[PDB]
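This report concerns only the one structure given below.
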Amino acid sequence: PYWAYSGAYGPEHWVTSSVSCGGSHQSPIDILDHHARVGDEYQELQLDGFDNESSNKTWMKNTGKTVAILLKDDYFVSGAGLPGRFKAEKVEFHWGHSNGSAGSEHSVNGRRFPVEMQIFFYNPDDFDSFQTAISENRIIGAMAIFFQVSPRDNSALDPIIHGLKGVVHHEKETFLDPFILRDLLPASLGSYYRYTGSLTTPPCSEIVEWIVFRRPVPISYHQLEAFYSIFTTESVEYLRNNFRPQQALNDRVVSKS
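Going by the deposited numbering, the letters in the sequence shown line up with residues 58 to 291, 298 to 320, in that order.
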């Protein structure tokens with residue numbers, strides 16, 4: 058079904074075509090640190106493959122709703138109270154409008170960030186692929202990483218930024234220079250929140266175990282410009304403010320590592 062981030066098919070209307078979009082365990086949310094539970098004693102968050110440089114096969118696409126990176130190498134995450142070892146499928150981005158304006162989907166203590174990067178995972182021991190996991194409505198994993206402005210370019214982002222400059226128009230695709238996925242994550246890996254929620258776009262399936270890192274990754278204002286310069290096709300407009308409104312926590316509790 059068709060959907061958008063504004064207008065007649067904007068987020069307030071998604072439920073018309075996608076019933077789950079009106080569920081009670083939806084994402085994203087505001088995380089209030091003082092309402093979060095401490096002491097859950099999760100197993101160490103373990104990353105497998107994140108220090109390897111990515112393959113020249115990895116590519117990026119302007120989908121018109123976001124820019125997505127299709128990961129062609131094997132990256133795995135486990136621990137942190139995830140039900141199993143999850144394999145990375147793709148990375149998507151959400152950002153604001155100009156000059157570092159709020160773009161993240163999640164927030165912490167009411168604070169939003171200029172970009173949120175999300176990495177989506179599936180359990181390869183249950184399914185051959187991410188698409189099948191989704192369609193079967195089984196548990197998928199997702200990490201959310203915030204970016205925060207810094208006076209100098211973050212060199213770890215150079216391949217991603219260069220990629221954005223190659224997918225300015227809707228449907229454009231490009232291969233990416235090698236990047237190190239670990240370096241797109243916060244230096245402080247042990248500091249995160251966990252909650253159960255949903256995909257943040259239709260079908261909004263309530264099957265996502267979220268990891269939201271507490272600390273942001275630096276990006277320069279100049280680097281942010283590469284995000285703001287992306288187009289989408291409604298007529299051509301800039302692809303900006305591509306984030307879902309926050310959703311009610313309801314009976315859920317967020318856990319703090």
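Even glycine gets a Cβ: it sits at the ideal position worked out from N, Cα and C.
Q | Through-space distance from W152 to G220, alpha-carbon basis | A | Spanning the alpha carbons of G220 and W152 requires a straight line of approximately 16 Å.
Q | DSSP state of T189 mapped onto helix, strand, coil | A | helix
Q.
For the alpha helix (DSSP H) containing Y278, name the first residue and the last one.
A. 278-285
Q. How long is the line joining the alpha carbons of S111 and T253, rounded to whole angstroms?
A. 29 Å
Q) Which of the three DSSP states, helix, strand or coil, is assigned to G79? A) helix
(Q) Can you tell me whether residue 295 is buried or exposed? The criterion is at least 16 other CB atoms within 10 Å of its CB, across all chains shown. (A) Between 291 and 298, the chain has no modelled residues, and residue 295 is one of the positions in that gap.
Q) To which residues does DSSP link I218 through a beta bridge? A) Answer by DSSP bridge pairing: none, since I218 is not bridged.
Q: Tell me whether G64 is buried or exposed, calling it buried when 16 or more other Cβ atoms sit within 10 Å of its Cβ.
A: exposed
Q: Can you check the region 62-126 for any beta strand (DSSP E) of at least 3 residues that lies completely inside it and give the ranges in chain order?
A: 103-105, 116-119
Q | Cα-Cα separation between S164 and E230, rounded to whole angstroms | A | 30 Å
Q: Alpha carbon to alpha carbon, how far is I126 from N180? Give it in angstroms, no decimals.
A: 19 Å
**Q.** Under 8 Å between C-beta atoms of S84 and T290
**A.** In this structure, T290 does not lie closer than 8 Å to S84 by Cβ.
Q: For the region 233-251 and the region 71-82, state whether three or more C-beta atom pairs, one from each stretch, are separated by less than 8 Å.
A: no
Q. Going straight from the alpha carbon of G136 to that of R169, what length do you get?
A. Their backbone Cα atoms lie some 27 Å apart in a straight line.
Q: Name, in chain order, the residues that DSSP records as bridge partners for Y252.
A: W267
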